[PDB]
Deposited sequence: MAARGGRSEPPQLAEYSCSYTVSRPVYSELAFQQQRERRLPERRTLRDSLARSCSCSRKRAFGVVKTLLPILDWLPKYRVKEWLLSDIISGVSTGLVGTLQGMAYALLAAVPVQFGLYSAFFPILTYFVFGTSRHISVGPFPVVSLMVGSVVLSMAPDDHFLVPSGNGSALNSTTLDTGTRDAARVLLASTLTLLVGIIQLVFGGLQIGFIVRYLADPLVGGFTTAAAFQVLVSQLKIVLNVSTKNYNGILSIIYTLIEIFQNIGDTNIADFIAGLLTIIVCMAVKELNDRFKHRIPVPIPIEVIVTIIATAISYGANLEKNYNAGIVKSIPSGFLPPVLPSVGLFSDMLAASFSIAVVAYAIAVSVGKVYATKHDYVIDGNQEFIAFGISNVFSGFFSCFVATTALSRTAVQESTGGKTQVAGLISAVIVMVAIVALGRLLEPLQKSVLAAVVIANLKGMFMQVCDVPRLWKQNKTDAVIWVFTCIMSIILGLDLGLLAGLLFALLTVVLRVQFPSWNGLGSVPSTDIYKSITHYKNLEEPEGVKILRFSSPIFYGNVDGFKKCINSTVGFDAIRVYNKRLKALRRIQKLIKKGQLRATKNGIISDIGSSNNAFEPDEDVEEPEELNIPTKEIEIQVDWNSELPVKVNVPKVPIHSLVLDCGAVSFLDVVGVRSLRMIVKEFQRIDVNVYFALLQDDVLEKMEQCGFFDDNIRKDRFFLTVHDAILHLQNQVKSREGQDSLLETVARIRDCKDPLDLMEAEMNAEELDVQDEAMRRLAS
């Protein structure tokens, strides 16, 4: 209704005297360290409950229908998971059985330490691509070939399959151990704010570039062209040119099979997405298409007739645990860091989505610990990095998923696919597995249609998307993440270095002050000029603040004094011989400041001293208490600049100025 107040004009001290402050909390380092370490059993119960979340949902089961739902969803997601694992095994330059291994052990590990319920832990295209890239970097093909075979002219230095793939698997296991150690370090130290720097446009551009690189790699695999695995700067462009110049060295059968399975998978996926209300359970297009491919590839001997590319290297068994070859972490520190960061980011995103969808929440540090333990356990059994694929976890949620027991049931499908079945997948074409990932790339390729939407929004975030996407294509993929985080931090610094200062004026017959560049009928006090400066002053925006003041007052506080001293000598010589007209006061409406960066309070005091020489009083309007407490310690309230110069509100300063000019002419 009515907004009426009547209080005296408390500037800084008329309000500080009769208002008693609170006693600050004493440090008591000994007492603080003693009070932190609790001795009661309740804290132990709480930490053992939050560290092993299985003790919460397991005793509270609802077996009646949850058992059947988890059984069917686990069968479905286990088929999908073993398919995705045997497909992504090619992305890591490792044999196919290690994909089935990586689809089994992380699921078992994410059962007693996991805190989610709709997450299918396993392989991931981006993470597998990064692992394969670093494996090719630290173990190329030209470093294992042995000259043997009695060639035509020189030594027959053909391919040396065998110990080569073993070395690749060992390198991948060491990388996964390092990633798990880094994740466990991040979880134990409770540092979870390191992943907050991955903005949505940053991760979007990163996923787009990773999808482009995955498409290039899978096109290389489908076309069956021998590439020199170029890595470094412009590696994707180099390998694309190398593929385009070696098109003649392809396989027609593999090409047409890949095209057919691509179009079939895409059509069935879009049909299922369109007519979702017709059938609740999505049809496993990948399972039926790979079964049909294996069937048509077993009848006709495509390996001998058309010389197609099949696996024919599935051992169909388990492997004893192998100790990781520690000692190569020096050349994999940054790679493991980037891999762990992107894996945790994508996993937390998927978990938060499927948790807000199903009305629950997940913890960050617990997810970090669970993923670290899963990667450590997978590193001991020759597996690659484990994450959650949005396409794989979508099947488990659509078929109906209540808890991770469906994941444990999915591990039985991978179990039977390791021990007994799996030799039936011998004649399966490698181009078929290399195509289902491309069919799954449709989700990340559609993110390019969101760049025009971000441009209509804050343009600073739209540049981060394009910058991260382009930079993660030129200078590889692992350096693209570091080039995006630093660019995002630089953009944040630029938004606080070049603020949006205004010409704050008065509204008639009221007390609220609005900008003069946004409203027409606003008048300012006679002689007084109000200025608002957001983005609190630090060592970078000090010159910007000086320029803003000089532009809002019309002149320069230094040049006016220079002209005054130049004109004073003309008068000082006549005794022996024979600009700042409108500006009366400056009310700085520093209400959007948080810190002051004492290097900046020095410039503030310098401004106050300079404007005092030209008879221009500089006042303050909305300084917070946390800033005044810093200014008191930084040596600002001397015998000249007292607290009366500061004010509580913007209208109080104008009222004080009016009363002063009315009572003191």
(request) No C-alpha coordinates anywhere in a stretch? Then put that deposited-sequence range on the list, in order along the chain. (result) 1 to 17, 596 to 650, 738 to 780
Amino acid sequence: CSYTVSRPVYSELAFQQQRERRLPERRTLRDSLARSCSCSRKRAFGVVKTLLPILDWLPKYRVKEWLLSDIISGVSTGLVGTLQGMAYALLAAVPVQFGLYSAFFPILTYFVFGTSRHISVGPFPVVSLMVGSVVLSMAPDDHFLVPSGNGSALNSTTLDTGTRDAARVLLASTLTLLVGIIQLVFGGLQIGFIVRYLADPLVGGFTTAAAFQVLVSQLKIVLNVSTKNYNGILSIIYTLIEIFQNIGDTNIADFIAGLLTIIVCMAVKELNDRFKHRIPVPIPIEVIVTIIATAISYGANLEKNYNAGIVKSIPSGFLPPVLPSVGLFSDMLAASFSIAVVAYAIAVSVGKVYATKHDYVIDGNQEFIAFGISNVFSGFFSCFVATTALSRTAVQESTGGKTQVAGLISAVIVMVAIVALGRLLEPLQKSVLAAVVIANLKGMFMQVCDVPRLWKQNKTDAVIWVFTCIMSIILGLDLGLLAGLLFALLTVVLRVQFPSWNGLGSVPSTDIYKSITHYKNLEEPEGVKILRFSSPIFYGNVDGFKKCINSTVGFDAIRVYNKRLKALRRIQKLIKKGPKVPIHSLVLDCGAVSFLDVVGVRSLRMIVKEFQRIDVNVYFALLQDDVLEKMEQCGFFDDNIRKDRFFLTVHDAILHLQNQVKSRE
From here on, numbers count along this sequence of modelled residues.
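Rigid core: the largest C-alpha set superposing within 1.5 Å between the two forms.
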(request) Using RMS Cα distance over all structures and residues, flag whichever of 444 to 452 and 155 to 163 lies farther from this form in 4 other deposited structures of this protein after a core fit. (result) 155 to 163
